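Reviewing the structure listed below.
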Amino acid sequence: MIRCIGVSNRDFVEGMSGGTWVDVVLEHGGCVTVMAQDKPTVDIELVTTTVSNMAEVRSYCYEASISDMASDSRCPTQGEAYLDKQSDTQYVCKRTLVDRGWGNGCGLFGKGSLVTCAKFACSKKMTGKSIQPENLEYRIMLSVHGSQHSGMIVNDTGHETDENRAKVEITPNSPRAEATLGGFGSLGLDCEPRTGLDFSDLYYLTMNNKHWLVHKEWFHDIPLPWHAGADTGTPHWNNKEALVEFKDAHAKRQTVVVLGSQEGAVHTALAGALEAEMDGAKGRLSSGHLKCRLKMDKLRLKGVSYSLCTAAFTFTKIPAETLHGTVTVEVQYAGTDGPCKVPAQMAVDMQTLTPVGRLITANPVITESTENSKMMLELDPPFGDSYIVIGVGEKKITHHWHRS
């Protein structure tokens with residue numbers, strides 16, 4: 001409950017008179033409060049989006065090192081310079097012509113052949129991975145809003161043994177799920193992704209434990225050494241010259257230098273890219289929309305015929321206005337008449353107590369048979385002046401409220 005109360009990205013949906021179908025839109029970090037006539041209020045949130053079996057597409061080296069630097073030179077008219085490693089695929093070479101003469105060990109003044117090679121080794125690499133549409137998995141959390149104990153719940157540490165809350169999983173191959181809510185019945189879900197953000201058109205980029213979602217063509221155009229697929233073992237690096245450069249050629253040798261790590265350049269180029277995280281062999285995305293249709297014909301209330309609470313209520317917390325204009329009140333009940341129904345409404349005419357606004361926490365009840373039990377409510381006031389009425393009779397308590 002408290003989780004759904006505090007999120008600015010909260011939607012309120014009211015069911016039709018038929019009480020069968022309700023349509024909601026789910027997104028990360030948001031909650032949907034579903035209210036239906038003679039049905040319990042349900043809080044629905046998308047908790048995680050999962051991609052699985054991401055296949056490696058291409059790995060880019062941003063920091064590399066060289067070894068076994070060698071040079072061979074020939075005097076003019078003495079043929080082409082040769083090195084043993086000149087044909088090795090792990091080596092990068094440059095072949096050029098340099099001025100030769102008496103001061104360089106040749107008897108003729110002319111252009112001599114010169115070749116320099118160096119073994120290429122990659123220190124740190126980044127990898128791009130494929131996302132297949134069939135490997136998307138959505139996990140959905142459904143909570144009964146106002147079960148007298150949801151008002152002290154802020155996280156996902158109380159759902160397994162709780163019958164008033166359920167976890168369901170949605171995949172494109174099995175887009176339907178059933179959420180069992182114990183005595184409240186069950187909920188049916190038919191969820192499909194909303195158009196606009198298809199992850200199958202994006203690569204999953206991993207680079208030094210940081211993760212992103214990037215567009216395919218930008219990834220294919222990265223000017224860095226790369227190897228195709230994974231084919232782990234002895235990889236062949238294409239375009240090693242992106243990180244290995246050759247300086248001014250001397251008579252009998254050529255200097256070879258490596259550029260520094262390209263982590264900063266890639267990080268700068270990844271400014272607007274969507275961030276992602278990796279929990280295990282699965283990628284965790286946090287940017288998307290999910291469309292769900294609810295079937296609530298098996299959802300039912302509990303305690304409709306509970307006797308009204310007869311003892312006195314007290315305000316433990318001053319009523320507070322949420323970001324959506326609703327009111328949260330905390331009440332304490334000094335009665336022991338078992339399970340009883342809590343009288344709660346908004347009233348403008350204090351003599352006839354005509355209910356106004358809405359009561360989001362539907363059918364508030366007190367389950368504890370002990371005294372001094374605490375419970376929380378949510379109300380949707382009318383605009384303007386009104387009163388919060390808790391309890392019935394002489395002992396009912398009133399609190400003035402104004403909504404802008």
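FYI, nothing fancy with the structure tokens labels: chains A, B, ... in order, residues from 1 per chain, ligands from 1 as they appear.
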Practice prompt. Per DSSP on the backbone, filter segment 186-385 of chain A down to the residues in strand (DSSP E) and report them as an NGL selection string.
Written response: :A and (186-193 or 202-207 or 210-215 or 226-228 or 244-249 or 254-258 or 274-279 or 282-285 or 289-295 or 313-321 or 327-333 or 340-341 or 344-347 or 355-356 or 358-359 or 365-366 or 373-380 or 384-385)
Keeping C-alpha atoms for every residue in the selection just given, could you write it to a file as a PDB file, in the first residue's frame?
```pdb
ATOM      1  CA  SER A 186      -8.502 -14.676  -8.228  1.00  0.00           C
ATOM      2  CA  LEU A 187      -7.530 -12.260 -10.991  1.00  0.00           C
ATOM      3  CA  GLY A 188      -6.981 -12.946 -14.688  1.00  0.00           C
ATOM      4  CA  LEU A 189      -4.279 -11.140 -16.659  1.00  0.00           C
ATOM      5  CA  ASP A 190      -3.795 -10.878 -20.432  1.00  0.00           C
ATOM      6  CA  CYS A 191      -0.728  -8.691 -20.951  1.00  0.00           C
ATOM      7  CA  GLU A 192       0.956  -7.577 -24.176  1.00  0.00           C
ATOM      8  CA  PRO A 193       3.656  -4.925 -24.644  1.00  0.00           C
ATOM      9  CA  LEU A 202      18.339  -2.878 -29.806  1.00  0.00           C
ATOM     10  CA  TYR A 203      21.621  -4.522 -28.862  1.00  0.00           C
ATOM     11  CA  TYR A 204      22.563  -5.189 -25.247  1.00  0.00           C
ATOM     12  CA  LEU A 205      25.938  -3.550 -24.600  1.00  0.00           C
ATOM     13  CA  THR A 206      28.173  -4.686 -21.735  1.00  0.00           C
ATOM     14  CA  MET A 207      31.323  -2.723 -20.923  1.00  0.00           C
ATOM     15  CA  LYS A 210      28.113  -1.157 -16.973  1.00  0.00           C
ATOM     16  CA  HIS A 211      25.241  -1.957 -19.319  1.00  0.00           C
ATOM     17  CA  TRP A 212      23.244  -0.096 -21.960  1.00  0.00           C
ATOM     18  CA  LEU A 213      20.685  -0.593 -24.705  1.00  0.00           C
ATOM     19  CA  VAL A 214      22.012   0.799 -27.982  1.00  0.00           C
ATOM     20  CA  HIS A 215      20.832   1.013 -31.567  1.00  0.00           C
ATOM     21  CA  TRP A 226      36.191  -6.272 -33.335  1.00  0.00           C
ATOM     22  CA  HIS A 227      35.640 -10.012 -33.594  1.00  0.00           C
ATOM     23  CA  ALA A 228      32.439 -11.634 -34.812  1.00  0.00           C
ATOM     24  CA  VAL A 244      47.725   0.607 -33.226  1.00  0.00           C
ATOM     25  CA  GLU A 245      49.502   3.416 -35.072  1.00  0.00           C
ATOM     26  CA  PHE A 246      52.945   3.663 -36.660  1.00  0.00           C
ATOM     27  CA  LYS A 247      55.019   6.820 -36.255  1.00  0.00           C
ATOM     28  CA  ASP A 248      57.720   8.250 -38.530  1.00  0.00           C
ATOM     29  CA  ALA A 249      59.722   5.506 -40.209  1.00  0.00           C
ATOM     30  CA  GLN A 254      59.627   1.960 -37.268  1.00  0.00           C
ATOM     31  CA  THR A 255      58.137   2.920 -33.905  1.00  0.00           C
ATOM     32  CA  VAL A 256      54.813   1.358 -32.887  1.00  0.00           C
ATOM     33  CA  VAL A 257      52.527   2.891 -30.253  1.00  0.00           C
ATOM     34  CA  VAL A 258      49.126   1.931 -28.851  1.00  0.00           C
ATOM     35  CA  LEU A 274      19.127   3.742 -21.947  1.00  0.00           C
ATOM     36  CA  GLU A 275      20.828   2.223 -18.925  1.00  0.00           C
ATOM     37  CA  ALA A 276      20.425  -1.434 -18.008  1.00  0.00           C
ATOM     38  CA  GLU A 277      21.516  -3.893 -15.338  1.00  0.00           C
ATOM     39  CA  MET A 278      22.510  -7.558 -15.316  1.00  0.00           C
ATOM     40  CA  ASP A 279      21.280  -9.865 -12.540  1.00  0.00           C
ATOM     41  CA  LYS A 282      19.518 -12.306 -17.465  1.00  0.00           C
ATOM     42  CA  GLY A 283      19.350  -8.638 -18.401  1.00  0.00           C
ATOM     43  CA  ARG A 284      17.148  -6.342 -16.324  1.00  0.00           C
ATOM     44  CA  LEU A 285      15.504  -3.485 -18.216  1.00  0.00           C
ATOM     45  CA  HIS A 289       5.135  -0.062 -21.085  1.00  0.00           C
ATOM     46  CA  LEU A 290       2.874  -3.081 -20.601  1.00  0.00           C
ATOM     47  CA  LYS A 291      -0.808  -3.304 -21.538  1.00  0.00           C
ATOM     48  CA  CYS A 292      -2.863  -5.655 -19.367  1.00  0.00           C
ATOM     49  CA  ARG A 293      -6.521  -6.677 -19.418  1.00  0.00           C
ATOM     50  CA  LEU A 294      -7.995  -7.833 -16.104  1.00  0.00           C
ATOM     51  CA  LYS A 295     -10.770 -10.374 -15.614  1.00  0.00           C
ATOM     52  CA  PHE A 313     -11.712   5.454  16.966  1.00  0.00           C
ATOM     53  CA  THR A 314      -8.800   7.859  17.413  1.00  0.00           C
ATOM     54  CA  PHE A 315      -6.479   9.628  14.983  1.00  0.00           C
ATOM     55  CA  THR A 316      -2.892   8.524  15.589  1.00  0.00           C
ATOM     56  CA  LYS A 317      -1.500  10.426  12.593  1.00  0.00           C
ATOM     57  CA  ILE A 318      -2.751  13.761  11.304  1.00  0.00           C
ATOM     58  CA  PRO A 319      -4.394  13.289   7.867  1.00  0.00           C
ATOM     59  CA  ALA A 320      -1.998  13.910   4.980  1.00  0.00           C
ATOM     60  CA  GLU A 321      -2.576  14.835   1.349  1.00  0.00           C
ATOM     61  CA  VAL A 327      -6.046  11.572   2.019  1.00  0.00           C
ATOM     62  CA  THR A 328      -4.278   9.002   4.176  1.00  0.00           C
ATOM     63  CA  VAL A 329      -5.528   8.629   7.751  1.00  0.00           C
ATOM     64  CA  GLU A 330      -4.320   6.301  10.504  1.00  0.00           C
ATOM     65  CA  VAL A 331      -6.881   5.252  13.111  1.00  0.00           C
ATOM     66  CA  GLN A 332      -6.680   3.281  16.346  1.00  0.00           C
ATOM     67  CA  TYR A 333      -9.547   1.088  17.546  1.00  0.00           C
ATOM     68  CA  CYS A 340     -15.747  -5.531  12.411  1.00  0.00           C
ATOM     69  CA  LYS A 341     -16.410  -3.169   9.514  1.00  0.00           C
ATOM     70  CA  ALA A 344     -15.279   5.635   6.872  1.00  0.00           C
ATOM     71  CA  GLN A 345     -16.586   8.261   4.463  1.00  0.00           C
ATOM     72  CA  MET A 346     -16.381  11.889   3.396  1.00  0.00           C
ATOM     73  CA  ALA A 347     -19.359  14.040   4.336  1.00  0.00           C
ATOM     74  CA  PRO A 355     -21.284  10.070   1.413  1.00  0.00           C
ATOM     75  CA  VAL A 356     -19.274  12.178  -1.024  1.00  0.00           C
ATOM     76  CA  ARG A 358     -14.740   7.999  -3.069  1.00  0.00           C
ATOM     77  CA  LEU A 359     -13.334   5.458  -0.622  1.00  0.00           C
ATOM     78  CA  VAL A 365     -12.155  -3.999   8.316  1.00  0.00           C
ATOM     79  CA  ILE A 366     -10.356  -4.685  11.589  1.00  0.00           C
ATOM     80  CA  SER A 373      -5.420  -2.033  16.757  1.00  0.00           C
ATOM     81  CA  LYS A 374      -4.170   0.369  14.087  1.00  0.00           C
ATOM     82  CA  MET A 375      -5.290   0.585  10.462  1.00  0.00           C
ATOM     83  CA  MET A 376      -4.869   2.989   7.536  1.00  0.00           C
ATOM     84  CA  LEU A 377      -7.332   4.369   4.987  1.00  0.00           C
ATOM     85  CA  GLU A 378      -7.249   6.213   1.678  1.00  0.00           C
ATOM     86  CA  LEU A 379     -10.056   8.535   0.603  1.00  0.00           C
ATOM     87  CA  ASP A 380     -10.718  10.539  -2.562  1.00  0.00           C
ATOM     88  CA  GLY A 384     -13.615  22.124  -1.638  1.00  0.00           C
ATOM     89  CA  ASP A 385     -14.492  21.779   2.022  1.00  0.00           C
TER      90      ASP A 385
END
```
Discussion item. I'd like the contact shell of segment 16-25 of chain A - 12 Å cut-off, only C-alpha atoms, skipping same-chain residues fewer than 2 positions apart - returned as a count of residues only.
Written reply: 47
Worksheet item: Looking only at the backbone, which of the residues in segment 231-396 of chain A does DSSP tag as helix (DSSP H, G or I), as a PyMOL selection string?
Response: chain A and resi 240-242+263-269
Residues as selected, C-alpha atoms, written as a short mmCIF file (atom, residue, chain, number, x, y, z; two decimals), in the first residue's frame, can you do that?
```cif
data_model
loop_
_atom_site.label_atom_id
_atom_site.label_comp_id
_atom_site.auth_asym_id
_atom_site.auth_seq_id
_atom_site.Cartn_x
_atom_site.Cartn_y
_atom_site.Cartn_z
CA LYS A 240 43.61 -3.61 -35.27
CA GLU A 241 44.91 -0.35 -36.77
CA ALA A 242 42.14 1.53 -34.95
CA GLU A 263 36.50 3.85 -22.29
CA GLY A 264 36.02 7.60 -21.94
CA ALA A 265 35.11 8.11 -25.59
CA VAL A 266 32.58 5.27 -25.52
CA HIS A 267 31.10 6.54 -22.26
CA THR A 268 30.75 10.03 -23.75
CA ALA A 269 29.12 8.58 -26.88
#
```
Discussion item. If I take atom CA of residue 65 of chain A and atom CA of residue 117 of chain A, how far is one from the other in Å, to one decimal?
Written reply: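 Interatomic distance, atom CA of residue 65 of chain A to atom CA of residue 117 of chain A: 13.1 Å.
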Discussion item. So that I can see what lies close to residue 133 of chain A, please list as a list in words the residues with an atom at most 12 Å from it, counting only C-alpha atoms and leaving out residues fewer than 5 positions away in the same chain.
Written reply: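 Using only C-alpha atoms, the neighbours found are residues 50, 51, 52, 53, 54, 171, 172, 173, 192, 193, 197, 198, 199, 200, 201 and 202 of chain A.
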Discussion item. Env of residue 230 of chain A: 9 Å cut, atoms = only C-alpha atoms, seq-sep filter 3 positions within chain, self excluded. Answer as a list in words.
Written reply: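 Everything that qualifies: residues 55, 56, 57, 58, 59, 227, 233 and 235 of chain A.
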Worksheet item: Can you tell me how far atom CA of residue 109 of chain A sits from atom CA of residue 87 of chain A, in Å to one decimal?
Response: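 Distance reported for this atom pair: 29.3 Å.
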Worksheet item: So, counting only C-alpha atoms, which residue among A:273, A:141, A:92, A:81 is closest to residue 69 of chain A?
Response: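 The closest residue to residue 69 of chain A is A:92.
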Worksheet item: Which is closer to residue 3 of chain A than all the others in A:151, A:15, A:225, A:107, using only C-alpha atoms?
Response: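 Of the candidates, the smallest distance to residue 3 of chain A is held by A:151.
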Fill in: Residues near residue 71 of chain A, cut-off 8 Å, only C-alpha atoms, skip fewer than 2 positions along chain, as a list in words
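That gives residues 69, 73, 83, 114, 115, 116, 117, 252, 253 and 254 of chain A.
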